[PDB]
Amino acid sequence: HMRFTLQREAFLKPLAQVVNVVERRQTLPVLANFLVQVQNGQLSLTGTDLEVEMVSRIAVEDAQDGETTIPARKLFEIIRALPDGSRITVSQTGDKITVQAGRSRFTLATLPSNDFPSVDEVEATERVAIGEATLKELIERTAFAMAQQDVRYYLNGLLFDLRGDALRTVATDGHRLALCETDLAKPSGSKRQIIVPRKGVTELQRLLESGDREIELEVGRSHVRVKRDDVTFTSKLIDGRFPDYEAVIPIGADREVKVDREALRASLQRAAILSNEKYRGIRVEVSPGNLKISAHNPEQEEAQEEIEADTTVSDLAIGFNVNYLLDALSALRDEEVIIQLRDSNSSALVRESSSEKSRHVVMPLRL
């Protein structure tokens, strides 16, 4: 008996918010659908892939109560493709859903709402108040370094390291590491490490905006949840132990190179053209005031680049995977960055020139 009417653009906002979590892969039949609920003038749309759940709710006025599941991508595409300003009526016809707008009519197959998996209620054991923009930056500065479908499942996500007065995001794939830290206004007091899986990270990223809003991370034993107006993000946590990531952060890397971030990216990209396609190794030779950047490949082709730098370091040549160094520089934002070194056989630490809050560890590659 479910029935509601609303404008296309109003309908499109919750549809767009929730459609992205639906996995195109054919898993459980019902998982291809939204859970759609009408209760007391409120329309709720829920999508899930069992790991992440997105809910968005809106008012629909003079609706009729009811509950079903509706093919998510098809519904989203239909509503998006209808003419701007369309007045849309949705209703149940037997085991079908009907969508009417002007002369148009669409019928979709449904599956029973009882088939739809429910999230176990997140009993939050920790609430972290954090600026929405701040959390957004912590993730942007680190997410690129998460492992990608690694058999070490605990790397396929972002570590949220709650350190009392501070929060740290940490990503590693085993070959490089990115981390960013912020002080929290309302101190949490709690110390706890949680790993948010890749899909939870990206869905959370979509929800957070720029600006001065505070949000609350609700952290349970097995789930994290963010409520933002009438959108609810819930993600399972990865049930594993993140590595002792601090072990790979260099200590005693006090040989500093201060260099223009974008000029260094450009030189590295030029040298990379002639680097080994498999190993992508480039060489950085440091001398006072100067970097010599070079690469060569199995065919003996060779690139030689130079860039000025503020440094008194001499007698130091170190190899890096150019992809990892470029990733680090692309995730930094200052006009100038600092590279901290010890020697040719030790990892480099790359950071903003203006702060130590964001840090990148790039491992040496043998020359």
Side-chain angles (χ1 to χ4, degrees), residues 4 6 10-22 31 33-60 63 67 69 72 76 113 116-119 122 124-140 143 157-162 167-169 182 184-185 187-190 192-220 222-238:
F4 58 93
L6 72 187
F11 203 3
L12 214 46
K13 289 179 189 172
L15 291 163
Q17 253 152 1
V18 181
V19 71
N20 204 71
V21 75
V22 180
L31 289 180
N33 292 0
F34 295 123
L35 173 64
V36 180
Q37 295 159 302
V38 168
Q39 179 192 278
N40 207 340
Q42 182 168 258
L43 168 73
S44 296
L45 306 178
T46 301
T48 183
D49 67 359
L50 304 188
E51 188 174 62
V52 178
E53 178 191 88
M54 296 299 301
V55 188
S56 189
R57 315 180 195 275
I58 62 165
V60 278
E67 183 181 82
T69 75
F76 168 68
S113 62
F116 199 85
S118 179
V119 280
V122 201
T125 50
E126 271 109 26
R127 311 239 178 188
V128 185
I130 183 163
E132 175 175 42
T134 298
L135 176 57
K136 185 171 198 58
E137 182 182 348
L138 292 188
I139 294 167
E140 282 164 357
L158 193 63
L159 175 66
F160 285 67
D161 192 7
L162 287 68
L167 176 72
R168 196 183 272 181
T169 49
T182 183
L184 309 161
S188 58
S190 313
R192 168 134 188 240
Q193 293 191 355
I194 60 178
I195 309 160
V196 179
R198 163 181 299 278
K199 183 71 167 295
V201 173
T202 51
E203 289 298 311
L204 177 55
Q205 253 177 312
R206 289 175 74 258
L207 182 57
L208 307 167
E209 301 184 16
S210 50
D212 69 2
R213 278 184 73 162
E214 184 190 76
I215 59 99
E216 194 164 29
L217 288 172
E218 304 164 39
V219 185
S222 291
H223 293 80
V224 64
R225 161 171 288 171
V226 173
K227 297 200 195 72
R228 190 190 191 279
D229 298 325
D230 280 310
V231 182
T232 302
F233 159 89
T234 309
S235 174
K236 289 188 175 180
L237 304 171
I238 294 180

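The basis for the numbers below is simple: all heavy atoms, side chains too, and nothing from hydrogens, waters or symmetry mates. Counting from 1, the numbers follow the sequence of the chain as shown.
Minimum heavy-atom separation, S235 to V52: OG-CG2, 3.8 Å. When all heavy atoms are compared, the tightest approach of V55 to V18 is C-CG2, 4.1 Å. Nearest heavy atom pair, residue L237 against residue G220, reads CD1-O, 4.0 Å. The heavy-atom pair separating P14 from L45 by the smallest distance is CB-CD1, 3.7 Å. In this structure, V38 and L43 approach most closely via the heavy-atom pair CG2-CD1, 4.0 Å.
Annotation: the span from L135 atom CG to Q205 atom CD amounts to 9.0 Å, rounded to 0.5 Å. In this structure, the separation between OG1 on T169 and CD on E137 is 9.5 Å, given to the nearest 0.5 Å. With rounding to the nearest 0.5 Å, the separation of OG in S222 from CD1 in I238 is 12.5 Å. For the atom pair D161 CG and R192 CZ, the distance stands at 11.5 Å (nearest 0.5 Å). To the nearest 0.5 angstrom, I215 atom CD1 is 6.5 Å from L204 atom CG. In this structure, the separation between OG1 on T46 and CE on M54 is 10.0 Å, given to the nearest 0.5 Å.
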### Task
Go through the steps to decide whether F11 and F4 satisfy the test ring pair (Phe, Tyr, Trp, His ring centres under 6.0 Å), and finish with yes or no.
CA-CA 11 Å; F11 203 3; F4 58 93; 5.6 Å; yes
### Task
Carefully, step by step, assess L35 and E67 under the rule side-chain contact (heavy atoms from CB on, under 4.5 Å).
CA-CA 8 Å; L35 173 64; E67 183 181 82; 4.0 Å; yes
### Message
With side chain to side chain donor-acceptor pair (under 3.5 Å) as the criterion, how do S44 and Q37 come out once you've worked through the C-alpha distance, each side chain's angles and the decisive distance to 0.1 Å?
### Response
CA-CA 5 Å; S44 296; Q37 295 159 302; 4.7 Å; no
### Task
Kindly determine whether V60 and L6 satisfy side-chain contact (heavy atoms from CB on, under 4.5 Å), including the steps that lead there.
CA-CA 6 Å; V60 278; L6 72 187; 3.8 Å; yes
### side-chain contact (heavy atoms from CB on, under 4.5 Å) assessment of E214 paired with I130
CA-CA 6 Å; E214 184 190 76; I130 183 163; over 6 Å; no
### Task
For side-chain contact (heavy atoms from CB on, under 4.5 Å), just list the numbers for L159 and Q193, CA-CA rounded to whole Å, side-chain angles, deciding distance to a tenth of an Å, and then say yes or no.
CA-CA 7 Å; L159 175 66; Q193 293 191 355; 3.7 Å; yes
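With respect to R127 and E218, a salt bridge is recorded, a charged nitrogen being found less than 4.0 Å from a carboxylate O. Ion pair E132/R228 flagged as a salt bridge, since at least one NZ, NE, NH1 or NH2 atom sits closer than 4.0 Å to an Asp/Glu carboxylate oxygen. Remark: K136 does not engage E209 in a salt bridge, criterion side-chain N to carboxylate O under 4.0 Å. Remark: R213 engages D229 in a salt bridge, criterion side-chain N to carboxylate O under 4.0 Å.
Side-chain polar atoms of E53 and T48 form no donor-acceptor pair below 3.5 angstrom.
The side-chain hydrogen bond (donor to acceptor under 3.5 Å, both in side chains) test with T234 singles out one residue from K227, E51, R225, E203, and that residue is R225.
Remark: the backbone N or O of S113 is not paired with any side-chain donor or acceptor of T69 at under 3.5 angstrom. Looking only at distances, a side-chain donor or acceptor of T125 sits under 3.5 Å from a matching main-chain atom of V219.
Atom CD of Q39 has 12 or fewer heavy atoms from other residues, nucleotides or ligands within 6.0 Å.
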